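What the coordinates show
Listed below are the residues making up each chain.
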Amino acid sequence: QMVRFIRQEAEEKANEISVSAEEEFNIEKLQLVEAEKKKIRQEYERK
Amino acid sequence: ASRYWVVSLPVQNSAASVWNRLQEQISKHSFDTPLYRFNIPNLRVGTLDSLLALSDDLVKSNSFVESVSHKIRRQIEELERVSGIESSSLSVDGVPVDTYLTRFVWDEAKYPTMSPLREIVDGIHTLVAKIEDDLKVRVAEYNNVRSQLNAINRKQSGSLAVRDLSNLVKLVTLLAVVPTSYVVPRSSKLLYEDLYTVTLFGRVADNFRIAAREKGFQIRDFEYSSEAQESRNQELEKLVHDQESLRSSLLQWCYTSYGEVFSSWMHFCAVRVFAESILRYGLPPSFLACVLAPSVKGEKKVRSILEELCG
């Protein structure tokens, strides 16, 4: 009966991994969307 | 084997009917004594001090001969496959015991130098020591082979405390429990019988633990793959075969070295003939004694004959 439960456990692990990846995705996106007001002070403000 | 059994009598102290009768036509024929000898003097002999030094070194020479004899009789025979070298195969100085003891031809240039034997005796002793060292090397090789023998095959034949992978069934583990229903697919039966297998499954540890060690008698773990056990058994068989071959082929070389040691002992007896001649007669080597392995009655008769030079 736990043969099908193995699939459920694998699905739960994959869902947890995907949830962690998505949670870090917002931070990764904000790492570039934000703080560029500082990097533009060197990329173009130097000009 | 047999220790030294040579008689002591110079040329001037022959115990036979005549001085030259020691070799043949002696009264020993009537008593069936196997005594026989043949002269083989060296080129020259040392002085009185040299004779005394040789007599002193004769004790060490006899000790070395005894050590070689003990090694040859023990290492070869104990292997139960090296004692195949008979008297002819182990002939001393190229002649069997019938002829080796009847002559001193071993005094040729092989072990000694066919020269004043004061240092030639030491040289022959060193050669015999080298031969004994080779025999000891062969014995050590035989011991290492026996260490290779009694290998992993000495363990149990599977489904037991040791080497149980040979009887493995190859979520499950090698249990072989010698004298279950749950969510897990416990409806199974492994091939772990050399023993018995029980219903178990890795999906839920309840059935697996119950079958393995939970109740009754705990099972014995073993390697999962029987290929490793088969390889270990094959290696053990190969090591046993190699040990047997060494006891039959390398120990055949050991038996050849034992025959060489017998030749060295014949040379030592030839030297001891001249040593006794110097001790109880003049310096030049000349002896009329004999070397054999007679019975008690024959030795007593020889002593009665030679009582003119008793100790």
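Parameters and conventions
Residues numbered from 1 in each chain as written, not as in the entry; some residues may be left out. Chains lettered and ligands numbered in written order. Part of a larger assembly, values for the part shown. Heavy atoms only, no water. Residues with missing side-chain atoms left out of burial classes, pairs and counts. Helix = DSSP H or I, 4+ residues; strand = E, 2+ residues; numbered from the N terminus. Rg over C-alpha atoms; globule rule 2.2 N^0.38 Å. Expected span 1.5 Å × (residues − 1). Bend = angle between axes of the 7 residues up to and from the residue. Contact = heavy atoms within 4.5 Å. Axes fitted to C-alpha atoms, helices over the stretch in contact; angles between N-to-C directions. Parallel < 35°, antiparallel > 145°, perpendicular 65-115°, else oblique. Left-handed = near helix turned anticlockwise from the far one by under 90°. Nonpolar A, V, L, I, M, F, W, Y, C, P; charged D, E, K, R; others polar.

Its PDB header names cryo-EM as the technique used to obtain the model and reports a resolution of 4.0 Å.

Looking now at the overall build of chain B. Within chain B, the regular secondary structure consists of six helices and zero strands. The C-alpha radius of gyration computed for chain B amounts to 33 Å, which surpasses the reference 19 Å derived for 311 residues by more than 25%, pointing to a less compact arrangement than a globule. Viewed in the frame of its principal axes, chain B has a C-alpha envelope of about 105 × 40 × 30 Å.

Another point: the overall build of chain A. Each helix and strand counted, chain A has two helices and zero strands in total. Oriented by its inertia axes, the alpha-carbon framework of chain A measures out at about 70 × 10 × 5 Å.

The terminal C-alpha atoms of helix α5 (residues 226-280) of chain B, which comprises 55 residues, lie 76 Å apart, in line with the 81 Å expected from a rise of 1.5 Å per residue. At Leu251 of chain B, α5 of chain B shows its strongest bend, of approximately 40°.

With that out of the way, let us pick up unusual backbone geometry. One non-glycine residue, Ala35 of chain A, lies in positive phi territory at about 70°. One non-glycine residue, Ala176 of chain B, lies in the positive phi region at around 45°. Relative to the helices and strands, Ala176 of chain B resides in the loop between α3 (117-148) and α4 (205-214).

Moving on, we get to helix α1 (residues 2-33) of chain A. When the terminal C-alpha atoms of α1 of chain A are compared, their 46 Å separation across 32 residues agrees well with the 46 Å that a helix rising 1.5 Å per residue should span. One or two residues past the end of α1 of chain A sits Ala35 of chain A, with phi positive at roughly 70°.

All names here are of chain B. Tracing the sequence through the fold places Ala212 in helix α4. The sequence separation of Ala212 and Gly298 amounts to 86 residues, and the corresponding C-alpha distance is 77 Å. With residues near it in sequence (within four places) discarded, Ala212 still touches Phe217, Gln218 and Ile219.

What follows is about the packing of α3 of chain B against α5 of chain B. Residues and elements named next belong to chain B. Taken N-terminus to C-terminus, the directions of α3 and α5 make an angle of 165°; their axes are 9 Å apart at the nearest point. As summarised for this structure, α3 and α5 are arranged roughly antiparallel, according to the angle between their axes. Regarding α3 and α5, the two cross each other, and that crossing is left-handed. Between α3 and α5, the residues in contact are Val128, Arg138, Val145, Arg146 and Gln148 and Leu239, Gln243, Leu246, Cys254 and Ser264, respectively. Partitioning the contact of α3 with α5 into residue classes produces five nonpolar, three polar and two charged.

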